[PDB]
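Engineer: Take a look at this one; I'll ask things after.
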């Protein structure tokens, strides 16, 4: 039996829905430790400890850009922290440091009896996500901390596209018509550099740079894939192997690639 399996058996419908099975609550971090600000989303009734995911915005951007992931992932059995960086103009390495500081604080709060997330987190199972330079920061976090169980950046940008060292399972969401971090020069080269991990490349048809952000028109597919990836790799949950590894066969997807997945 898998000690990390949570919730009922998944379906395409249950993964495409607005919400998963668990009730979600949230709170603002009162004293952010090593980053600007944070919101923690958590399930109240997951039926066991769950992994934690830290999500970082892009250059100039704030939590509003990636907020939708908080309730979406938390409702399937994860503690999710969305952050604002110390400066909106922080670069990817700094974003990575702040992302890891946010994971550290979630672990701190797991051991703080006054916190709503006291005893709710398995601090040995963590994941990283983010938009643009925050996506680059997620890849840097994965390269520097290989015990991370999953990485799912969106429209990533980084100073170097070479992430050949990354052993962490990586799902790259890409936006076809991205003019800030073009697919051909950012997301795709990053994907191609990784030969030591489970990896996936999912490009959204007609998507601008913000195609996986809050308010996007593809929350059914993007949310299904993000949750499935985190479930498969953070929870070792093989009930999600097909959802995580499959080509969605969706008219919303203009390019799909996967390796070492199923």
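Numbering starts at 1 and runs along the chain as it is shown here.
For this deposited structure, the header notes the method as X-ray crystallography, 1.6 Å.
Using the three backbone atoms N, Cα and C, a Cβ is placed for every residue, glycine included.
Summarising the annotation, Swiss-Prot assigns poly(ethylene terephthalate) binding site to 59, 133, 157. For 132, the entry in Swiss-Prot reads active site, nucleophile, with the evidence type a curator's inference. Among the features that Swiss-Prot reports, disulfide bond is placed at 175-211, 245-261, with the record citing experimental evidence. According to Swiss-Prot, the active site, charge relay system annotation covers 178, 209.
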Engineer: Roughly how many Å lie between the Cα atoms of residue 245 (disulfide bond) and the residue listed as 'active site, nucleophile', rounded to a whole value?
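Structural biologist: The separation of the Cα atoms works out to 23 Å.
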Engineer: Taking residue 157 (poly(ethylene terephthalate) binding site) as the reference, which of 175, 178, 211, 261 (the recorded positions) have a CA within 10 A of its CA?
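Structural biologist: Of 175, 178, 211, 261, within range: none.
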Engineer: Residue 178 (active site, charge relay system): which of the recorded positions 132, 133, 209, 211, 261 is the nearest Cα neighbour?
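Structural biologist: That would be 209, the closest of 132, 133, 209, 211, 261 to residue 178 (active site, charge relay system).
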Engineer: Ten-angstrom check, please: count other Cβ atoms within 10 Å of the Cβ of residue 157 (poly(ethylene terephthalate) binding site), all chains counted.
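Structural biologist: Taking every protein chain into account, the count is 26.
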Engineer: Using the Cβ centroid of 59, 133, 157 as the reference point for the poly(ethylene terephthalate) site, which residues of the same chain not in that list have Cβ within 8 Å?
Structural biologist: 58, 91, 92, 95, 132, 134, 135, 136, 158, 180, 181
Engineer: I need the nearest neighbour of residue 133 (poly(ethylene terephthalate) binding site) among the recorded positions 175, 209, 211, 261, using C-alpha distances.
Structural biologist: 209
Engineer: Taking the Cβ of residue 59 (poly(ethylene terephthalate) binding site) as the centre, count every other Cβ atom within 10 Å, in any protein chain shown.
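Structural biologist: Result for residue 59 (poly(ethylene terephthalate) binding site): 19 other Cβ atoms within 10 Å.
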Engineer: Among 59, 133, 157, which the record lists as binding poly(ethylene terephthalate), how far apart in Å are the two most distant Cα atoms?
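Structural biologist: About 10 Å separates the two most distant Cα atoms.
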Engineer: When the Cα-Cα distance from residue 59 (poly(ethylene terephthalate) binding site) is computed for each of the recorded positions 209, 211, 261, which gives the smallest value?
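Structural biologist: Comparing Cα positions, the closest of these recorded positions turns out to be 209.
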Engineer: Whole-number Å only: compute the distance from the Cα of residue 211 (disulfide bond) to the Cα of residue 132 (active site, nucleophile).
Structural biologist: 11
Engineer: I'd like to confirm something. Which of the recorded positions, 132, 209, 261, has a Cα closest to the Cα of residue 175 (disulfide bond)?
Structural biologist: 209
Engineer: In sequence order, what residues of the same chain, 6+ apart, have a Cβ less than 8 Å from the Cβ of the residue listed as 'active site, nucleophile'?
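Structural biologist: The answer is 57, 58, 59, 61, 154, 155, 156, 157, 180, 181, 209.
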Engineer: Reduce the DSSP letter at residue 175 (disulfide bond) to three states and note it down.
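Structural biologist: For residue 175 (disulfide bond) - judged by DSSP and reduced to three states - the answer is strand.
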